[PDB]
Amino acid sequence: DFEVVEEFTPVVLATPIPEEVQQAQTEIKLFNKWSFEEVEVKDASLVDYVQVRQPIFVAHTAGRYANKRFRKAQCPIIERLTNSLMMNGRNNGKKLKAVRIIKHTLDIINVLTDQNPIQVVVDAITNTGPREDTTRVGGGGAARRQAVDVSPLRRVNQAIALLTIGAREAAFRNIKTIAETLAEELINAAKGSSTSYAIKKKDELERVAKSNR
Amino acid sequence: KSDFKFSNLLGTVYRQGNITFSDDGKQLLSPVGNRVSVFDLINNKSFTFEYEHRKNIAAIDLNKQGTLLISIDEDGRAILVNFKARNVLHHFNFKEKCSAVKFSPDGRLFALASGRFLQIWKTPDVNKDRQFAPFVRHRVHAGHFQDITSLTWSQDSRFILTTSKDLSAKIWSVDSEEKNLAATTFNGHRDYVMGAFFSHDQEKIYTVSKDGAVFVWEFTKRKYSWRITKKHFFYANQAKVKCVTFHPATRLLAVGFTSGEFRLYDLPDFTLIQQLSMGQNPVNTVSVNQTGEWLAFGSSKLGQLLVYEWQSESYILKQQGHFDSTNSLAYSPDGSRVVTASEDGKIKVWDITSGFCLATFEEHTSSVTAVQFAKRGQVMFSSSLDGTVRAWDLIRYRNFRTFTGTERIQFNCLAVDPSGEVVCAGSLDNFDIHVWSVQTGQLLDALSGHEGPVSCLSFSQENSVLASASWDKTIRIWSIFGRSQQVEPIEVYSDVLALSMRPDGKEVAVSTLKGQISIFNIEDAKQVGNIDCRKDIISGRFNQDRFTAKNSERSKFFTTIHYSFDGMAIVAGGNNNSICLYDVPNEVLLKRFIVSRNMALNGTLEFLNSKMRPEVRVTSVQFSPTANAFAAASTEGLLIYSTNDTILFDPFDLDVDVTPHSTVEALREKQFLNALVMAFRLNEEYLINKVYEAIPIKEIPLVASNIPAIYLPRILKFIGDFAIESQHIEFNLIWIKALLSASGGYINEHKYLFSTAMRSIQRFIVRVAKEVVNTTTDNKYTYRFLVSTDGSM
Amino acid sequence: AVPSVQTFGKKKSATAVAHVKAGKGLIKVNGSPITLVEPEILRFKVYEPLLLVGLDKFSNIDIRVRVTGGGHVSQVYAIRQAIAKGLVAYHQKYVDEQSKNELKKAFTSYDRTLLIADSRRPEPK
Amino acid sequence: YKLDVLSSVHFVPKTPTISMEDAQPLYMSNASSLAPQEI
Amino acid sequence: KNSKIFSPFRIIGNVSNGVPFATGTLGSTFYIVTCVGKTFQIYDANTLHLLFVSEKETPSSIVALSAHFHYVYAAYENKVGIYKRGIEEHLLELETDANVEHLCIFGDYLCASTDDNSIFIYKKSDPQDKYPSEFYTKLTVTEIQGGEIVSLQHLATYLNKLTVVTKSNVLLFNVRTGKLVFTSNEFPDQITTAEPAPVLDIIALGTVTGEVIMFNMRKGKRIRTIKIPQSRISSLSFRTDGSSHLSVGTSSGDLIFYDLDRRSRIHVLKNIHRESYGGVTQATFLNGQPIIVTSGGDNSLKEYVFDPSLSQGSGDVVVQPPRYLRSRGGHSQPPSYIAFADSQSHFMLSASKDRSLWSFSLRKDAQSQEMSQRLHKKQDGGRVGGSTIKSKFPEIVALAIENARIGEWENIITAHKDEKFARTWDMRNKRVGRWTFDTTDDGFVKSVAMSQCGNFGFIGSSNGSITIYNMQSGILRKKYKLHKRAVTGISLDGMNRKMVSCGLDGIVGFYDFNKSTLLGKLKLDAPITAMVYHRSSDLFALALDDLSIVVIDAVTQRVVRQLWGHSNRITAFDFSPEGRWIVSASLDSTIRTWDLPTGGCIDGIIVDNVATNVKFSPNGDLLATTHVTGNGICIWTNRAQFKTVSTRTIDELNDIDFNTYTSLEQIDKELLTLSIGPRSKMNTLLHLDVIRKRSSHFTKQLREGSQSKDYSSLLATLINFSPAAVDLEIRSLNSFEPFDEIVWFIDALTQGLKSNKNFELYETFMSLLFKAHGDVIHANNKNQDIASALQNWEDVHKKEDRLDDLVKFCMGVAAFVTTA
RNA sequence: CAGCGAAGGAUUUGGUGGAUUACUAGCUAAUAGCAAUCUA
């Protein structure tokens, strides 16, 4: 048929480079394990806000996303998960610890549910983000709520927030750690099991909006 | 797309040399620097010849059949051009500085004054093919002792009368048998003999000199041997004669002096018909119409060109250009005219078709740096080095607004709002951007944050975000409107000169001093892609400098860039004699244009002959908003490069059964839509015009509704470039109405495809059709008044 | 005597000088190989100038990087910047300009902070 | 003129009835180009 | 066959062909007139500049040419032409059918020897005119008197005599009395050349064995003899600047110099010209000068100079050898490949079978220069191979020049005969480059190309594999393997985006270039021999093996034309620069032009030599062809650059044949239509008072139209004359007692704008009427005739709001569609 | 050392010739003469 030759000598270097590292020059995988192609966002209106189309090697892109309004809609969603994981007074700044426990939770997500953990966390985002909410229409403070819709950036924000703080309180004083509780949370949120803090909170917010619609 | 050819040369109506008229004196041929411009003064249009001398041209003549031109430059490199085909026939090097060239009245011979030899050659045919040596020498006469200043043929092409710096004038017969009729020489002048003419009957000879004497010579007895019968004197004391001509049929002697004053006399009685002044600079050229009714004068210092009818004391045109001093240009929002901001302190509004200046504006007391249109051709803003931005109504021609700062700085670039509330301007000594309201006059803001001189400003045309870019290697994006006061700085590799902005406001292309054109996404401030342009730049070698053109760092970067209106291309120019255009998806050079081959300019030759001058540079480039062209403000003038669809067979998915024969069979069999799409797949202008005129009015809307969407910009841009000059006004408006009604949603959702084809259509509706509708409306209302009211006493 | 090229990579206070010259293909950071650059979770941040363009660009040149200052993550960002713009400058000066701006296009499509840092800050609102 | 011609890079060049008024604006055949408010 | 597109212009690159040239002397300068086939060329001997080329090609080859002061005498098939400044002044027909093959000119006499050993004497009419013109007598050298006439000369101070040098004898004729004065003794070997010495009554004879005789033509003896063993002597010349040297010229290409005073041999220039092309054919000293001009049959003309002697006292015995001075030259073998170097049509690259790449100038023949083959240094520092005895590269099959990056790096990429790598060249330096691109499959290079970015060169091998190298750094970038038989054509887009390859297995492959994919593959019905890509219109043409030319576009990958008609193998073809025509040339001795819009053959030329190369200029100026015989490049100019040619097919709607459409005057009588004229005439008419402030037949035709009720001639005169005339005719219209001329004008305008033509002018004529004397119409309002004339004018004029709401719709909807 | 490597290789330099603008011939007292000479 037709084939292109574009290297003309088997490439060998003087510094020995590991075989999986030099295998990573044909496709960029997260932590050299998890592929970014065939990772779709199975809910439209959240594609163009959960970003999985520039593959990365680690969740530590030091780029600047907090100086325009919707610029954090194209931080990769693994890194948005990581950044939301490193928040409380105890664990502020510790992005390498957050990256390391994201690596551990994607390994154990894959070893429990034998599928792509990036696809699992993307399904967890698109199942967790609430599609309706209530504002408090004031009237000076008349305690009545009015149901509003909710924009997709707010849905991705509140999805990552619900998932991460659900993993924290689920790891609060049990035997499991943050990596294992976050793995359980992301798996249950991906399949949508109503056993997770995150989609129970989504179902409560959507049900209250349905109530005082 | 990329197949631009040199169309026109706006600005610079005259540089150096002699003006010529046609025989039927409708066009005048004017030597601009090394081109030749031809202005048709009745059919209001103009063109410039494509060919190019290597030095400034000094002599022009075309024969009275109108069929071929010969142009000689200032060291004798003649070029013979076919005047109708507009293609050069021969290049012939006479070896020294030729003062004049003239064709005979019977067209078949020409003579020229090369040094102190009068040499007569005989004219090659226009019908013959090009030979290796088409000119066949008739003779070369040497009787003068110093250089010959002028020729004059007799009415019959039988004698020739030449005038020299040597203080005589001589008459030579063309053929050898009449050598005894013409052997005399005419002495008696104190200075250079500037002209020598016959009378209508070839009995009197008038010889005009530089000091101001005109001698009448007659064949009388005091035997009969050419006495001098009367000497008349001009008595212009300080000034002296710079150019002489004589219309022998109307007995009209026209004389221009070195003081701008020209006088015109009725010669054998020497009565001053008129005396008036061009200006203060000397009158370098006088030329006269064949009927003697128009006089074209050229002054070479300010580059000005009059043609003036002396019966009705009135100037047919007054047109002064700008050599070497032109800082900016801007197309009108329909591509009908170009506004030029020039270094002597003035704005000039040049029509493009007729190559002349309509209005000029002198209220800046220093070099105007930028012009920019706004409010859809109603207002025009300019900023200069005298510290002022100011606004110009192009209806009442009034400077109605003047914006200054508080710091006494000089402004180098500006940018207006789309919704023209705010003007904005940046300097090269202040690091701030000055933001003025246009409605009130006040200084609305001073944006600060650059740490280097703000080289360029541009407002995004759609979302109205300001982009400035400065020599601190930084492009910066300011959200001014609505509570933001938001600043986004994008750093770049080197210091920026000429930012430019996409028509949809999505991206911004900056030119850097490295030599590159980088293209950035505005909203997500990351680089989309760059062109590396410093190796397809023609940087010539100057005469004064002692470093090669390869190692020079003078001009290997672009100081002005501009987007195309579909957003897909960038034209670019700088202080070099190449202008380059690229397509920004592929980042590849489409075409590079050599803007000058004049060796009288400086940076033209890369390699200098091993045996200050005005350098060549382009200061502003812009694309045309209506028709597929660009203007470049070089030192020679406003170079206008445009494609045309008459040449270049470039089909669009034709197959073997798609043929002009097939198209006229489908037209004769009246499948009108099939004939129209066959002509579109041919992409042949005559075939599209033939089918377009053959479709009847009964089924314009069926065809226009069934046109496929890929042939929509072709039929729209065809209708535009056809309907500007075509007479079928109701036919073209029926087609426009049918196309806009049938497919005017596709246009609205594909704006930037039909962004230059729709601007060309409303260049037809408001500029010929609305003028006609205004005339018929005024006639209707004057009728209703003149018959409906009471005229009694 | 050898064709060599020196570039600089900077983040906050780390700074890395990279010398690139023609050789056999060895990439050495602070004397040790590139496969020893700790904190070992950002070793792929160091690797991505190699994996973005292929190791066949590095098969004929040897790089050495000297990194001072900074902290762990500022040093890996200085290393990757120095390696990237050193490869670009070597292919500019001693290989062809087409591979030069292909490398610039690949690095700029990944992130232009491999080639241009974000340097002077803050903003006084 | 003379101080800014030597303080520059690029080159800078330098009774009868009428001086023909070669430089003149306002003309696309405009006569009453005043504003209606101006009138 | 005469053509109708291209007309012959010149045949460039030719300097000599081995006819012995003539020297001539105007004043104290010298010119050198050399024959190139059927034209001669005059050169300025102080600088070897081409002054003149003869104006017309002679009907056969020029075979003997001489030159007195201003005039050049060129003898071809039967007749002698007398030429001044190239332009022929006279033509002397001889009364024989024998071919004239020698001539001399002395006095009033021109003497021309034919090949039947007859001599024709021609005389001036009166000794003041310029050239011998009238017939005088005929002389005959019969077999008793001498052999074949081998030279014809006049040695000086011989009052109207002629030295005739036959092959064995030397005769001396008196050409006024027609007599044979003196016949010498025989010579024991056949003499080939003769030259008169500057010694009085001495001629010098050169034999076919190796000896120069110095015959004394008055004593009848021989003075001396010079022996050069085994060398046939082809030239003799004498030095005339106080140094008695002789220069003999030997048909093995040698120029030997003798001192006659001290009988020694000064020097030998060996291999001064090629023996295979004739050796040194004419060598002559410019007289009084130490410079000698040689010329050979290998298309070369050289000058050699003697420097002054290096010993300051002896001099005459220490003679410094002759050194080389200027020379002109061209190809010695017919060229094999042709390209244009630039878009200006100034230089053209040209490769020949004598293994040289020349760069010939179309503007000035002094600028023609041989591209040098002096190799660079190796990049690493190793040794380069090859023979020590340096020879030229194998003869060039193909080449591709793309001067986008010119002067920057290597610019030309060329492919040689039966060798597996393609060299590069630099046109700026005019020399070879540093890179030779290999094919990497042990196959010969069958095609080359290079992109118009100038970065990439493409090699197409005979084992079907395209390799893409970088022109700057010389290394393999990519390698496509689609074909299995030889790849004969590679080209690429003008945007470096899609490449197109064609092999002689008859598949055209379409590849994306940035991505390395293939876009498609199209199987034709014959092996493809040659591709030409027209790059602006994206249409490439293939010369198939079934003797058709398949024109196929690269965008949609279809065969869009197929041109039939050639009878043998298509040697070459090329697109017009506008891409409208394609000119091909084939081994049936023909050149055809095809209008690929209409798909037919516009013109055909039967040319006697087979044209092996055809190239257009990159402007539409010139066609350059290259034929099988002839060392030069034939140059044609397209007459369709000055006129327009009909695209109507030859063998063995005139507006659509001339590609025009004169737009018809009005499309329908119910359609408004402006004037055929300038648009500004309406505005000039409406405001010509303020414009100028800022700066009868009519009455008779109006009356006659009022009689006949048909104002067509009136309106024709109105649309004809000028705005001052229009205002001056409308302003004088008898507005006083009965008002006839006003109402005749009004219903004339009614009849006018009933016809829907020129209607903006009829509208301004009504506006000018109301402006000039609408006050009298308002005065005698309710007058019956003028009120009825205005009534029917309004009756026709009220149907003009069609234009109003038509432009209202177009303006409103165009604004809405553009903005929102 | 390996490698490259055809009766040698590298570096430096002086001189001359040709291009560095697009080729209609020299001289003079120039409608022609001269160019061997303008002068009786």
# chains A, B, ... in the order shown; residues from 1 in each chain; ligands from 1
>>> residues_around(residues="region 511-528 of chain E", least_positions_apart="4", cutoff="8 Å", atoms="only C-alpha atoms (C1' of nucleotides)", output="list in words")
residues 2 and 4 of chain A; 488, 496, 497, 498, 499, 500, 502, 503, 504, 505, 506, 507, 542, 543, 544, 545, 546 and 557 of chain E
>>> interface_residues(of="chain B", to="chain D", cutoff="8 Å", atoms="only C-alpha atoms", output="ChimeraX atom specification")
/B:261,275-279,304,306,315,318-320,324-325,358-361,395-397,612-615
>>> closest_atom_pairs(of="chain A", to="chain E", cutoff="9 Å", atoms="only C-alpha atoms", output="tab-separated table")
residue	atom	partner	partner_atom	distance
A:1	CA	E:482	CA	6.8
A:2	CA	E:482	CA	5.1
A:3	CA	E:481	CA	5.9
A:4	CA	E:480	CA	4.9
A:5	CA	E:479	CA	5.0
A:6	CA	E:478	CA	4.8
A:7	CA	E:478	CA	7.7
A:8	CA	E:476	CA	8.3
>>> interface_residues(of="chain B", to="chain F", cutoff="6 Å", atoms="only C-alpha atoms (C1' of nucleotides)", output="VMD selection string")
chain B and resid 91 141 to 142 176 609
>>> write_last_selection(atoms="N, CA, C and O atoms", output="short mmCIF file (atom, residue, chain, number, x, y, z; two decimals), in the first residue's frame")
data_model
loop_
_atom_site.label_atom_id
_atom_site.label_comp_id
_atom_site.auth_asym_id
_atom_site.auth_seq_id
_atom_site.Cartn_x
_atom_site.Cartn_y
_atom_site.Cartn_z
N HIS B 91 13.91 47.66 -25.61
CA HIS B 91 14.78 48.39 -24.69
C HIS B 91 16.01 48.81 -25.45
O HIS B 91 16.79 47.95 -25.88
N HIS B 141 23.05 63.85 -37.07
CA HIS B 141 23.64 65.12 -37.43
C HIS B 141 24.38 65.72 -36.25
O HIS B 141 23.88 65.71 -35.13
N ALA B 142 25.56 66.27 -36.51
CA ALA B 142 26.32 66.98 -35.49
C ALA B 142 26.74 68.33 -36.02
O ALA B 142 27.70 68.44 -36.78
N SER B 176 18.07 64.07 -47.81
CA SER B 176 19.29 64.67 -48.32
C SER B 176 19.05 65.63 -49.47
O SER B 176 19.88 66.51 -49.70
N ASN B 609 27.31 48.12 -8.18
CA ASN B 609 28.25 47.93 -9.27
C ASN B 609 29.64 48.34 -8.83
O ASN B 609 29.89 49.52 -8.58
#
>>> interface_residues(of="chain A", to="chain C", cutoff="6 Å", atoms="only C-alpha atoms", output="list in words")
residues 11, 13, 14, 15 and 25 of chain A
>>> interface_residues(of="chain C", to="chain B", cutoff="8 Å", atoms="only C-alpha atoms", output="MDAnalysis selection string")
chainID C and resid 101 105 108:109 112 116 118
>>> write_last_selection(atoms="N, CA, C and O atoms", output="PDB file, in the first residue's frame")
ATOM      1  N   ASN C 101      11.655  26.312  13.192  1.00  0.00           N
ATOM      2  CA  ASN C 101      10.320  26.784  13.509  1.00  0.00           C
ATOM      3  C   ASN C 101       9.295  25.661  13.571  1.00  0.00           C
ATOM      4  O   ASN C 101       8.218  25.883  14.123  1.00  0.00           O
ATOM      5  N   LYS C 105       6.963  25.722  16.761  1.00  0.00           N
ATOM      6  CA  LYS C 105       5.530  25.491  16.641  1.00  0.00           C
ATOM      7  C   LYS C 105       5.060  24.386  17.573  1.00  0.00           C
ATOM      8  O   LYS C 105       4.002  24.513  18.191  1.00  0.00           O
ATOM      9  N   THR C 108       5.303  25.730  21.201  1.00  0.00           N
ATOM     10  CA  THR C 108       4.330  26.781  21.432  1.00  0.00           C
ATOM     11  C   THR C 108       2.912  26.240  21.410  1.00  0.00           C
ATOM     12  O   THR C 108       2.032  26.779  22.085  1.00  0.00           O
ATOM     13  N   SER C 109       2.673  25.157  20.682  1.00  0.00           N
ATOM     14  CA  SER C 109       1.367  24.531  20.741  1.00  0.00           C
ATOM     15  C   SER C 109       1.176  23.765  22.031  1.00  0.00           C
ATOM     16  O   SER C 109       0.044  23.644  22.500  1.00  0.00           O
ATOM     17  N   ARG C 112       3.719  27.862  25.489  1.00  0.00           N
ATOM     18  CA  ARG C 112       4.802  28.784  25.184  1.00  0.00           C
ATOM     19  C   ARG C 112       5.615  29.163  26.405  1.00  0.00           C
ATOM     20  O   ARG C 112       6.640  29.830  26.253  1.00  0.00           O
ATOM     21  N   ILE C 116       8.969  31.162  26.711  1.00  0.00           N
ATOM     22  CA  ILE C 116       8.916  32.511  27.263  1.00  0.00           C
ATOM     23  C   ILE C 116       8.318  32.421  28.648  1.00  0.00           C
ATOM     24  O   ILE C 116       7.169  32.002  28.793  1.00  0.00           O
ATOM     25  N   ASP C 118       6.822  33.865  32.356  1.00  0.00           N
ATOM     26  CA  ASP C 118       6.011  34.970  32.867  1.00  0.00           C
ATOM     27  C   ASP C 118       6.815  35.629  33.982  1.00  0.00           C
ATOM     28  O   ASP C 118       7.041  35.024  35.034  1.00  0.00           O
TER      29      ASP C 118
END
>>> select_by_dssp(residues="region 122-322 of chain B", states="strand (DSSP E)", output="ChimeraX atom specification")
/B:122,136-141,148-150,159-164,169-173,193-198,205-209,213-218,227-233,241-247,252-257,261-266,271-277,285-288,294-299,304-309,314-320
>>> residues_around(residues="residue 17 (chain F)", least_positions_apart="6", cutoff="10 Å", atoms="only C-alpha atoms (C1' of nucleotides)", output="number ranges by chain")
E: 324-327
>>> write_last_selection(atoms="N, CA and C atoms", output="PDB file, in the first residue's frame")
ATOM      1  N   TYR E 324      45.911  34.114 -21.751  1.00  0.00           N
ATOM      2  CA  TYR E 324      44.521  34.207 -22.140  1.00  0.00           C
ATOM      3  C   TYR E 324      43.971  35.566 -21.733  1.00  0.00           C
ATOM      4  N   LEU E 325      43.034  36.067 -22.525  1.00  0.00           N
ATOM      5  CA  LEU E 325      42.395  37.361 -22.359  1.00  0.00           C
ATOM      6  C   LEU E 325      40.925  36.993 -22.430  1.00  0.00           C
ATOM      7  N   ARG E 326      40.010  37.920 -22.675  1.00  0.00           N
ATOM      8  CA  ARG E 326      38.590  37.602 -22.765  1.00  0.00           C
ATOM      9  C   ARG E 326      38.224  36.547 -23.799  1.00  0.00           C
ATOM     10  N   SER E 327      37.062  35.934 -23.617  1.00  0.00           N
ATOM     11  CA  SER E 327      36.527  34.960 -24.548  1.00  0.00           C
ATOM     12  C   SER E 327      35.030  34.883 -24.348  1.00  0.00           C
TER      13      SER E 327
END
>>> residues_around(residues="residue 66 (chain C)", least_positions_apart="5", cutoff="8 Å", atoms="only C-alpha atoms (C1' of nucleotides)", output="tab-separated table (two decimals) with N, CA, C and O atoms, in the first residue's frame")
chain	number	residue	atom	x	y	z
C	16	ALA	N	18.67	28.06	35.15
C	16	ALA	CA	19.31	26.90	34.57
C	16	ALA	C	19.99	27.30	33.28
C	16	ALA	O	19.35	27.84	32.38
C	17	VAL	N	21.28	27.01	33.18
C	17	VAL	CA	22.05	27.28	31.98
C	17	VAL	C	22.23	25.98	31.24
C	17	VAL	O	22.73	25.00	31.82
C	18	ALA	N	21.84	25.94	29.98
C	18	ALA	CA	21.95	24.73	29.18
C	18	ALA	C	22.91	24.97	28.04
C	18	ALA	O	22.69	25.87	27.23
C	29	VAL	N	21.75	16.69	33.67
C	29	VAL	CA	21.37	17.82	34.51
C	29	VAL	C	22.18	17.75	35.79
C	29	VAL	O	22.07	16.77	36.54
C	30	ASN	N	22.98	18.79	36.04
C	30	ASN	CA	23.87	18.92	37.20
C	30	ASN	C	24.86	17.77	37.29
C	30	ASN	O	25.20	17.32	38.39
C	31	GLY	N	25.35	17.28	36.16
C	31	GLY	CA	26.28	16.17	36.13
C	31	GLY	C	25.62	14.81	36.08
C	31	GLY	O	26.04	13.93	35.33
>>> select_by_dssp(residues="chain D", states="helix (DSSP H, G or I)", output="PDB file with N, CA, C and O atoms, in the first residue's frame")
ATOM      1  N   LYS D   2      14.929  73.201   9.415  1.00  0.00           N
ATOM      2  CA  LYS D   2      16.309  72.750   9.292  1.00  0.00           C
ATOM      3  C   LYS D   2      16.770  71.955  10.514  1.00  0.00           C
ATOM      4  O   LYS D   2      17.516  70.971  10.348  1.00  0.00           O
ATOM      5  N   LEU D   3      16.261  72.260  11.717  1.00  0.00           N
ATOM      6  CA  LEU D   3      16.693  71.443  12.849  1.00  0.00           C
ATOM      7  C   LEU D   3      16.053  70.058  12.819  1.00  0.00           C
ATOM      8  O   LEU D   3      16.731  69.067  13.114  1.00  0.00           O
ATOM      9  N   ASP D   4      14.796  69.932  12.390  1.00  0.00           N
ATOM     10  CA  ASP D   4      14.277  68.573  12.325  1.00  0.00           C
ATOM     11  C   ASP D   4      14.625  67.867  11.019  1.00  0.00           C
ATOM     12  O   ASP D   4      14.321  66.678  10.885  1.00  0.00           O
ATOM     13  N   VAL D   5      15.251  68.549  10.054  1.00  0.00           N
ATOM     14  CA  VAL D   5      15.747  67.775   8.927  1.00  0.00           C
ATOM     15  C   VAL D   5      17.127  67.226   9.245  1.00  0.00           C
ATOM     16  O   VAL D   5      17.493  66.156   8.745  1.00  0.00           O
ATOM     17  N   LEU D   6      17.909  67.887  10.107  1.00  0.00           N
ATOM     18  CA  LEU D   6      19.116  67.165  10.492  1.00  0.00           C
ATOM     19  C   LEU D   6      18.905  66.269  11.706  1.00  0.00           C
ATOM     20  O   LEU D   6      19.757  65.421  11.976  1.00  0.00           O
TER      21      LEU D   6
END
>>> atom_distance(atom1="CA of residue 791 (chain E)", atom2="CA of residue 783 (chain B)")
9.5 Å
>>> residues_around(residues="residue 689 (chain E)", least_positions_apart="5", cutoff="12 Å", atoms="only C-alpha atoms (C1' of nucleotides)", output="list in words")
residues 29, 30 and 31 of chain D; 683, 684, 694, 695, 723, 724, 727, 768 and 771 of chain E
>>> write_last_selection(atoms="N, CA and C atoms", output="tab-separated table (two decimals), in the first residue's frame")
chain	number	residue	atom	x	y	z
D	29	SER	N	-17.72	69.10	-5.82
D	29	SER	CA	-18.73	70.11	-6.15
D	29	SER	C	-19.63	70.41	-4.97
D	30	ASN	N	-19.04	70.89	-3.88
D	30	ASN	CA	-19.78	71.36	-2.72
D	30	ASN	C	-19.78	72.88	-2.70
D	31	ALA	N	-20.97	73.47	-2.51
D	31	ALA	CA	-21.09	74.92	-2.39
D	31	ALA	C	-21.57	75.33	-1.01
E	683	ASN	N	-23.37	64.27	-12.80
E	683	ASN	CA	-22.98	65.21	-11.76
E	683	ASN	C	-22.38	66.48	-12.35
E	684	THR	N	-21.63	66.34	-13.44
E	684	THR	CA	-21.09	67.51	-14.14
E	684	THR	C	-22.21	68.39	-14.67
E	694	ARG	N	-15.33	76.77	-8.65
E	694	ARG	CA	-14.27	76.16	-7.81
E	694	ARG	C	-12.99	75.99	-8.64
E	695	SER	N	-13.10	76.03	-9.97
E	695	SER	CA	-11.94	75.90	-10.83
E	695	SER	C	-11.31	77.22	-11.25
E	723	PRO	N	-21.13	68.83	-21.90
E	723	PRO	CA	-21.96	69.54	-20.90
E	723	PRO	C	-22.08	71.04	-21.07
E	724	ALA	N	-21.03	71.72	-21.51
E	724	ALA	CA	-21.16	73.15	-21.79
E	724	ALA	C	-22.12	73.38	-22.95
E	727	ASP	N	-25.79	72.70	-21.57
E	727	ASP	CA	-26.28	73.84	-20.82
E	727	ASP	C	-26.56	75.03	-21.72
E	768	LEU	N	-32.31	70.38	-15.75
E	768	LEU	CA	-31.72	71.59	-16.32
E	768	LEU	C	-32.77	72.49	-16.93
E	771	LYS	N	-34.45	74.16	-14.01
E	771	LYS	CA	-33.54	75.10	-13.37
E	771	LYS	C	-33.36	76.35	-14.21
>>> residues_around(residues="residue 50 (chain A)", least_positions_apart="4", cutoff="10 Å", atoms="only C-alpha atoms (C1' of nucleotides)", output="JSON, numbers by chain")
{"A": [40, 41, 45, 46, 72, 73, 74, 75, 76, 77, 78, 80, 122, 125, 126, 152, 153, 156]}
>>> write_last_selection(atoms="C-alpha atoms", output="PDB file, in the first residue's frame")
ATOM      1  CA  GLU A  40     -15.430  12.022  25.579  1.00  0.00           C
ATOM      2  CA  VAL A  41     -17.666  14.230  27.668  1.00  0.00           C
ATOM      3  CA  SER A  45     -23.309  21.630  27.609  1.00  0.00           C
ATOM      4  CA  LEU A  46     -20.265  20.569  29.640  1.00  0.00           C
ATOM      5  CA  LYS A  72     -10.352  28.253  34.109  1.00  0.00           C
ATOM      6  CA  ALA A  73     -12.730  26.482  31.730  1.00  0.00           C
ATOM      7  CA  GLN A  74      -9.658  25.212  29.876  1.00  0.00           C
ATOM      8  CA  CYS A  75      -7.495  24.151  32.734  1.00  0.00           C
ATOM      9  CA  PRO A  76      -7.484  20.346  32.358  1.00  0.00           C
ATOM     10  CA  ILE A  77     -10.073  18.846  34.655  1.00  0.00           C
ATOM     11  CA  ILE A  78      -7.562  16.537  36.328  1.00  0.00           C
ATOM     12  CA  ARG A  80      -8.881  21.351  38.556  1.00  0.00           C
ATOM     13  CA  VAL A 122     -15.229  13.003  33.573  1.00  0.00           C
ATOM     14  CA  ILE A 125     -18.150  15.589  36.906  1.00  0.00           C
ATOM     15  CA  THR A 126     -20.975  15.461  34.377  1.00  0.00           C
ATOM     16  CA  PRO A 152     -22.148  25.177  33.013  1.00  0.00           C
ATOM     17  CA  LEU A 153     -19.094  26.791  34.592  1.00  0.00           C
ATOM     18  CA  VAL A 156     -18.269  22.195  36.818  1.00  0.00           C
TER      19      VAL A 156
END
